[PDB]
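Below: one structure, written as structure tokens.
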Amino acid sequence: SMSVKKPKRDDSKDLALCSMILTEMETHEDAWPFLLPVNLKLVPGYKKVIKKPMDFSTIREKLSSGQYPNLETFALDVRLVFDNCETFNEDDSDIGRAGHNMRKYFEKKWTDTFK
């Protein structure tokens, strides 16, 4: 509260570390469904159904231009990528499996880096 603060957590490496994690996700073999925005002209249903599209390229541009105020807003966009994937894709599809694998991969790097 006013003039009463928890001790200051060092957040000065967060930007760099989120970039590293993002590099690792970009270079994973199962990243291909997620590298670029879904083409809303060519994929029936996507525009109406997925209210907040997100992809790794869009996260990378936001990261590079100071549009994440903190590491939690970064994690929200990453998870949004996988949540959208589960909304639109059957679990037993290549893309549906990719998304489960990538979420797993991300959540481990996240815990190991920050928790």
Side-chain angles (χ1 to χ4, degrees), residues 1-7 9-12 14-114:
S1 77
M2 197 187 323
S3 313
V4 178
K5 286 303 165 326
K6 290 206 182 55
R9 194 206 155 250
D10 186 12
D11 67 341
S12 60
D14 288 356
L15 185 62
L17 291 163
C18 290
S19 184
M20 292 173 44
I21 294 171
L22 185 54
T23 296
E24 292 159 5
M25 277 191 310
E26 291 160 336
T27 62
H28 191 299
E29 67 166 289
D30 302 339
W32 59 269
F34 314 112
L35 294 175
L36 298 178
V38 171
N39 185 332
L40 297 182
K41 299 172 196 290
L42 303 184
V43 176
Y46 207 83
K47 195 171 199 288
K48 186 56 178 284
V49 171
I50 301 295
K51 301 311 178 168
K52 291 170 81 173
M54 186 57 54
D55 71 285
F56 297 168
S57 76
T58 298
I59 298 171
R60 167 69 72 195
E61 189 55 44
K62 288 178 65 169
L63 194 61
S64 294
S65 59
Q67 291 184 67
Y68 293 114
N70 53 55
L71 83 170
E72 303 308 329
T73 56
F74 170 77
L76 284 170
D77 265 359
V78 174
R79 292 166 181 150
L80 173 63
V81 172
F82 307 129
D83 295 345
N84 292 347
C85 183
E86 281 195 53
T87 294
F88 207 83
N89 297 264
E90 282 295 341
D91 296 342
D92 188 4
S93 58
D94 297 94
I95 291 173
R97 281 190 281 286
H100 290 289
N101 284 357
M102 290 306 306
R103 180 195 299 277
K104 188 83 172 184
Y105 189 76
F106 168 67
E107 290 303 350
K108 172 92 157 74
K109 306 281 185 180
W110 191 253
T111 296
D112 294 355
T113 300
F114 294 115

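Residue indices begin at 1 and follow the sequence shown. Excluded from the calculations below are hydrogen atoms, water molecules and symmetry mates; all remaining heavy atoms, backbone and side chain alike, are included.
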Checking side-chain polar atoms at under 3.5 Å, does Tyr105 have a donor or acceptor matched by the opposite partner on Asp30? no
Quick one: does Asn70's side chain get under 4.5 Å of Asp11's, heavy atoms only? no
Aromatic ring pairing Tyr68/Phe74, orientation class (parallel under 30°, perpendicular over 60°, tilted between): perpendicular
Rounded distance (nearest 0.5 Å) linking atom CG of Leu35 with atom OG1 of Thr58: 11.0 Å
Tell me the closest heavy-atom pair linking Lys109 and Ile21, and the distance in Å. O-CD1, 4.0 Å
Close side-chain approach of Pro53 and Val38, heavy atoms under 4.5 Å: no
Shortest non-hydrogen contact between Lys108 and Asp112, atoms and distance: NZ-OD2, 2.6 Å
Nearest-0.5 Å distance, CG of residue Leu71 to CG of residue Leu76: 10.0 Å
State the CD-CD distance between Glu61 and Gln67, to the nearest 0.5 angstrom. 7.5 Å
Is it true that a side-chain atom of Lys5 and a backbone atom of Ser1 form a donor plus acceptor pair closer than 3.5 Å? yes
Would you say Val81 ends up clustered with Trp32 if hydrophobic residues are merged whenever their side chains have heavy atoms under 4.5 Å apart, either directly or through other cluster members? no
Using 0.5 Å steps for rounding, measure from the CD1 atom of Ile59 to the OG atom of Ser19. 12.0 Å
Anything under 30° is parallel, anything over 60° is perpendicular, the rest tilted; go ahead and classify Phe106 against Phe82. tilted
Can you tell if the side chain of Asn84 reaches within under 4.5 Å of the side chain of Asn89, non-hydrogen atoms only? no
Between the side chains of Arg9 and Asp14, is the shortest nitrogen-to-carboxylate-oxygen separation below 4.0 Å, so that they form an ion pair? yes
Check whether any side-chain N or O of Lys47 sits under 3.5 Å from a backbone N or O of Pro44 as a donor-acceptor pair, and report yes or no. no
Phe88 and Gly45: which non-hydrogen atoms are nearest, and at how many Å? CE1-C, 3.8 Å
Contact check, side chains of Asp83 and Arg103, non-hydrogen atoms, under 4.5 Å: yes
Over 12 non-hydrogen atoms of neighbours within 6.0 angstrom of CG in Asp92: no
Do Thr87 and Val49 pass the side chain to side chain contact (heavy atoms under 4.5 Å, CB included) test, and can you show the C-alpha distance, the side-chain angles, and the key distance before you say yes or no? CA-CA 9 Å; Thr87 294; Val49 171; 4.1 Å; yes
Side chain proximity check, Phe56 to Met102, heavy atoms < 4.5 angstrom: yes
Taking the side chain as C-beta and beyond, is there a heavy-atom pair between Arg97 and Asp94 under 4.5 Å? yes
Atom of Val78, atom of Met25 and distance for their closest heavy-atom approach: CG1-CE, 3.9 Å
Give a yes or no on this: more than 12 heavy atoms of other residues, nucleotides or ligands lie within 6.0 Å of atom CD of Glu86. yes
Nearest 0.5 Å please: distance from the NZ atom of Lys52 over to the CG atom of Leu80. 6.5 Å
Keeping the roles fixed (side chain from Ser64, backbone from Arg60), state whether a donor-acceptor pair exists under 3.5 Å. yes
One should read off an interatomic distance between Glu24 CD and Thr113 OG1, to the nearest 0.5 angstrom, of 7.0 Å
Heavy-atom closest pair (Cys85 atom, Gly99 atom, distance to 0.1 Å) is SG-CA, 4.0 Å
